[PDB]
Amino acid sequence: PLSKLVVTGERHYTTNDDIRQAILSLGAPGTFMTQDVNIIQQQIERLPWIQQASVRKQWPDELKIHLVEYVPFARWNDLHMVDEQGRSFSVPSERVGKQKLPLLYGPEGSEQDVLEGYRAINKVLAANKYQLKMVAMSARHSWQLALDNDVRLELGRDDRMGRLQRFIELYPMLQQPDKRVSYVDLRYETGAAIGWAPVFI
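Residues numbered from 1 in each chain as written, not as in the entry; some residues may be left out. Heavy atoms only, no water.

Per the PDB record, the structure was determined using X-ray crystallography to 3.4 Å resolution.

### Some points on unusual backbone geometry
Going from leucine 47 to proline 48, the amide bond is cis rather than trans, its omega being 0°. Here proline 48 lies in the loop between α2 (36–43) and β2 (50–58). In this model, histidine 141 sits at a positive phi of 65°, which is unusual for a non-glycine residue. Positionally, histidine 141 belongs in the loop between β7 (134–136) and β8 (143–146). (Helix = DSSP H or I, 4+ residues; strand = E, 2+ residues; numbered from the N terminus.)

### Topic: the nonpolar core
In terms of nonpolar packing, the biggest core is built from 25 residues, with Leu104, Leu125, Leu145, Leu147 and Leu153 touching the most fellow members. Within the residue set of this core, elements represented by two or more residues are α3 (111–127), β8, α4 (161–169) and β10 (181–185). With five residues, the top contributor of residues to this core is α3. With near-sequence residues (within four places) excluded, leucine 147 lies in contact with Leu125, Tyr130, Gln131, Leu132, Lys133, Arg152, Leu153 and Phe167. The next biggest cluster of nonpolar side chains, apart from the first, holds 16 residues, and it includes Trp49, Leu63, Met81 and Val91. (Core = buried A, V, L, I, M, F, W, Y, C linked by side-chain atoms within 4.5 Å. Buried < 20%, exposed > 50% of the residue type's maximum accessible area, 1.4 Å probe, protein only. Contact = heavy atoms within 4.5 Å.)

### Some points on the domain arrangement of the protein chain
Along its sequence, the protein chain is organised into domain 1 (1–70) and domain 2 (71–201). Inter-centroid distance (C-alpha atoms) of domain 1 to domain 2 is 39 Å. Between domain 1 and domain 2, the residue contacts involve six residues of the former and eight residues of the latter. Here domain 1 and domain 2 share an interface that buries about 680 Å² over both sides, 68% of which is from carbon and sulfur atoms. If you sort the residues of domain 1 by the area they bury against domain 2, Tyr13, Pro48 and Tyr70 come out on top, with a joint share of 79%. Here domain 1 is connected to domain 2 by zero salt bridges. The tally of links from domain 1 across to domain 2 stands at zero residue pairs in polar contact. Broken down by class, the residue content of the side of domain 1 that touches domain 2 amounts to four nonpolar, one polar and one charged. (Domains from an automatic or database assignment. Buried area = accessible area lost by both parts, 1.4 Å probe. Salt bridge = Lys/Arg side-chain N within 4 Å of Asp/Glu carboxyl O. Polar contact = N/O pair within 3.5 Å; in protein donor to acceptor, adjacent residues only side chain to side chain. Nonpolar A, V, L, I, M, F, W, Y, C, P; charged D, E, K, R; others polar.)

This is how it looks when you write it as structure tokens:
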């Protein structure tokens, strides 16, 4: 004998059963016996992809659960994820991950520090026909990245915004199919250092 579940929200990653198996996680017969501020707590216990969920019971015999998942906006390392807001969460490498989604890397506990950047930098590269593919910050705060093409881009550690406006300027100088820019190192001070890709025959 079980209870029905009136679930509401954009169930994109969440299966009804992802829940029945989360409720059952507590040995207490009588699905409705257990307080809902509790059911929430559990299921809402970030799965870790649910943001906040709401449970309220319809006494007939059905349990009205309304949940709102997390909205992915960029990848954190390689087994993680973050949203426009800046919150961290995960999800199994199962039948879910399937979409071009910006890669952002970095050390532990700097999630916003990083997004902070991309968010403000994206605007610039979005300005032109350059769809940034990734952005990573090292421990001591040393950036780096890549554009549509696999064209690298060292950003360094100190002056990032200024140093960044540069690239936009110097670029219309792609004076070819074989010869492709392989990167632009900006770790200098006078200007940048263009570099090409070692092709193979």
